[PDB]
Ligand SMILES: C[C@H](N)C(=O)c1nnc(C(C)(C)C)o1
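Just one chain is shown here, as structure tokens, and it is the form solved without the named molecule.
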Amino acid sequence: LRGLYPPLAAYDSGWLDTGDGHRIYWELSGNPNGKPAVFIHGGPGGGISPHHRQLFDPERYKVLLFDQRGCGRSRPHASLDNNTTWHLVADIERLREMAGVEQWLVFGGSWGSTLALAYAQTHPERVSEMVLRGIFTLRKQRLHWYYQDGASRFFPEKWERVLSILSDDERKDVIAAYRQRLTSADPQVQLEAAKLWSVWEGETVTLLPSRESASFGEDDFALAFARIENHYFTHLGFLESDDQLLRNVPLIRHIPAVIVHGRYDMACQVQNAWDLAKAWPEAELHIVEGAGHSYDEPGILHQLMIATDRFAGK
């Protein structure tokens, strides 16, 4: 189809205690005995949404949605204690064993494409196919484009607000100036910065401006989102190799995949989708023209709904 499936209820939900201070939220909607699928939300620190359920066929898919760690209803709110790429990879497996799935489709866009890759490349037997979107491999060039010099040139008026709170010395490294504030003993300080990191993204993640970019300002979300995002970026996704994710594709090349990406996606450039495709020829790349970063862009949504329907009713 072109649009989302109609709204529906999760058939199950709960909290999985990780054992190191974390209790992660997880839903279960679709079909009990259907094709097992997992949704991997993006923007490190963003959270799942009821809309993420309407993205898969109700009668054919059993989708597992889960809040990441310190975000969403996942308990330890804004907790950056034991919250890295590799810890999250462990949570996907727990949820798998728990869910009782031996292998499933990994649906994840933006940061979720990152985690999808990082998970697929360490558990190649647990993914049947992958549907990636707005590819994000976490290379230094990519963090620099959205948080230092690049996206800035397209939203000069929006980036001045993000810079307003930084001293000139502090302006030569936005990511770090923001890690100070975000990890301030003072929380009013860390909320002022959190609201400025969040809104920047919510405002450049769509081609045309939408009113729903306001949600990124909301204190709680903005506190978790900003500090979790800046956390992972500060550690470079916790990968030791700028290109560990590209330079590790052979391990999953054998896995059916579809790659959707907006030509004008300002959060993660097309260059990432192309680079990954240039390395994974068996994957079907779809550079949707006239669109931005958000999954819900009409052109990106289409290809996503098409990939999903195909990967299930093959």
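Residue numbers run from 1 along the displayed sequence.
This protein has a second form, the form solved in complex with the named molecule, left out of what is shown; the following refers to that one.
Trainee: Is the gap between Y178 and the named molecule in the bound PDB entry 4.5 Å or less for some heavy atom pair?
Mentor: It does not: once the named molecule is placed as it appears in the bound PDB entry, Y178 has no heavy atom within 4.5 Å of it.
Trainee: Can any non-hydrogen atom of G42 be found within 4.5 angstroms of the named molecule in the bound PDB entry?
Mentor: Result yes; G42 sits at the interface with the named molecule in the bound PDB entry.
Trainee: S294 near the named molecule in the bound PDB entry, any heavy atom under 4.5 Å?
Mentor: Close contact exists here: in the bound PDB entry, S294 approaches the named molecule to within 4.5 Å, heavy atoms only.
Trainee: Hey, in the bound PDB entry, is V205 touching the named molecule, heavy atoms inside 4.5 Å?
Mentor: Looking in the bound PDB entry, residue contacts with the named molecule include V205, since a heavy atom lies within 4.5 Å.
Trainee: Is it true that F136, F225 and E229, all three, sit within 4.5 Å of the named molecule in the bound PDB entry, judged by heavy atoms?
Mentor: Answer is yes for this spot.
Trainee: Go through 71-79, 120-128, 84-92, 104-112 and give me the stretch that gets within 4.5 Å of the named molecule in the bound PDB entry, heavy atoms only.
Mentor: Residues of 104-112 come within 4.5 Å of the partner.
Trainee: Enumerate the residues of 172-202 that have a non-hydrogen atom within 4.5 Å of the named molecule in the bound PDB entry, in sequence order, or give none.
Mentor: The stretch touches the partner through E201 alone.
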